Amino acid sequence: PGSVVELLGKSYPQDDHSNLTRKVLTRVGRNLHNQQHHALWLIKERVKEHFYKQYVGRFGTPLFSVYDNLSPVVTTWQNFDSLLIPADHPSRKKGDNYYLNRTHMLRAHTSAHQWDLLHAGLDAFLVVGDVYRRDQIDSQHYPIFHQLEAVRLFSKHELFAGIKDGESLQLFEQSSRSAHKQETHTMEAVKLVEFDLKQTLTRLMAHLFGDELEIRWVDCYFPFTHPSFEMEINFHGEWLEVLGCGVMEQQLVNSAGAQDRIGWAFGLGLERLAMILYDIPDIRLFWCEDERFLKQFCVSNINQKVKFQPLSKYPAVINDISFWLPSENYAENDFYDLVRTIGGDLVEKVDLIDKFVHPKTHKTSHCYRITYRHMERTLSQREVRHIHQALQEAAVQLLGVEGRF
C-alpha cells in the first residue's frame, strides 16, 4: 500500500514519522552541485579554489578536504543530537522535515556531517550537498536546496603563533557564558577565532562578487555554535542572509574526540548566494531545462565572470481553494507537499489567506491563494483550471479535507 520506501539501494520501513513524497524522492541523487556547468557547481568550484589557494594559516594553509558526495540519508542523531539540538526543539517537527521513518531522514542541513568528519580526525573540511526541508511555496523556497559547510579547527599554539608569550595563553578556562563566549572558552581564543572566521568569509565574498558589495554581520543563535552570526548582503535594497556561522560549541568538538581544538564553522546557502550573485529571480530556475537559462553558466573556465542575462517573465493565473480541515488531522505543509506534487513547477507561490471556525459545526476552514506562473512560457486559463480542479479532488482524497470551493 504505502509501506516501505526504497532509495539508492536500501529499504526504509514506513511509520508514524514517514512523510516523504515520491516527488521529493525523484530529486535525490540529482546532485546539481556536482553537475558540470551548473550555477551551483560553479559556486562550489570557486569556493574550493579560494580555500585551496587563498586562505593562509600561520602554520600552513590547512588542507580543506572536500566531501561533496555524502548520501543525504542521515539518522536523527546525525542531523539533530550530534549538534546539541534539544529534544523539544521546533526544528525537529514532522511538519518541517522529510522523515523516511522515526530513525532515518533526509538531512535538513550539511551540519549533519560535522560530527562524523570531526570524529574521523579532520581539522578542516568542506561539505557540499543537497538538503531537504518542508516549508512554504514561494520563489525563495524549494523542498530541496544546497548548502556548503566549512569547519576549521585550531590548536593552542597555532592560534597564538604570532605572539611572543604564546604557550602561556590558553584556549580553555572555566568561567561563565556571555553574549560573547562559551563558558569553557577564553576571551583571548574566541576573539582570534571569530576574527579568522569573519576575515575568511569577507575575503571569500570579495572573491565571488567584487569589492563594492555591502555586507553586515547579525548576531544570532544556533545550538551548535556560540557566539553565532548570520552574514547579510544588501541586494535590491534589502538585507538578505546568505549564511550562518560561529564558534563551534566545545561539547560538540569534545564529543567527537578533538578535545584539544577550538573551531569555527559556517554553512552557506548556495541558491541564496547564486540568486544574489547572478540576479536569478526564482529558485525553480535551478531545476528547469530551458537552455535560455542553462547555457549562461557554460563558461570556458570557472573564473570567466558570467554576466547572467534576465529571462522574459510570463503572466500568472491566480485561483483560490477553500476546504474544511479534517477534525484535528492536518498540517499546512501537507497541502504544500500536495501542491508541489500536482502543480509542480507551475506554481510560483501559495498563501494561506483566510481561516475561521464555524460555530454550528466546530470545523476550521482554510482558504489558500495559489499563484500559477511558469518560468518558461505563458499558462492558459484552461490548463490551470483543470490542474486546479485536479488539486481539489486530490486534496479531498488524500488529505481528508471537505471541499468548500
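So that there is no doubt, residue numbering starts at 1 and follows the sequence shown.
Relative to its counterpart among 23-31 and 353-361, 353-361 has the higher mean temperature factor, C-alpha atoms as listed in the PDB entry. Stretches 318-326 and 70-78 differ in mean C-alpha B factor, with the higher average recorded for 318-326. Between the residues 234, 300, 228, 200, it is 300 that shows the highest Cα B-factor in the PDB record. By the numbers in the PDB entry, the CA B factor is greatest at 209 among 125, 209, 115, 224.
Among the modelled residues of the chain, residue 61 sits in the highest third by CA temperature factor in this PDB entry. In the deposited entry, the Cα temperature factor of residue 36 places it in the highest third of its chain's modelled residues. Sort the chain's modelled residues by C-alpha temperature factor and residue 171 lands in the middle third, per the entry. In the PDB entry, residue 251 places in the lowest third of its chain by CA B-factor. When the CA B factors of the chain's modelled residues are split into thirds, the value for residue 307 lands in the highest one.
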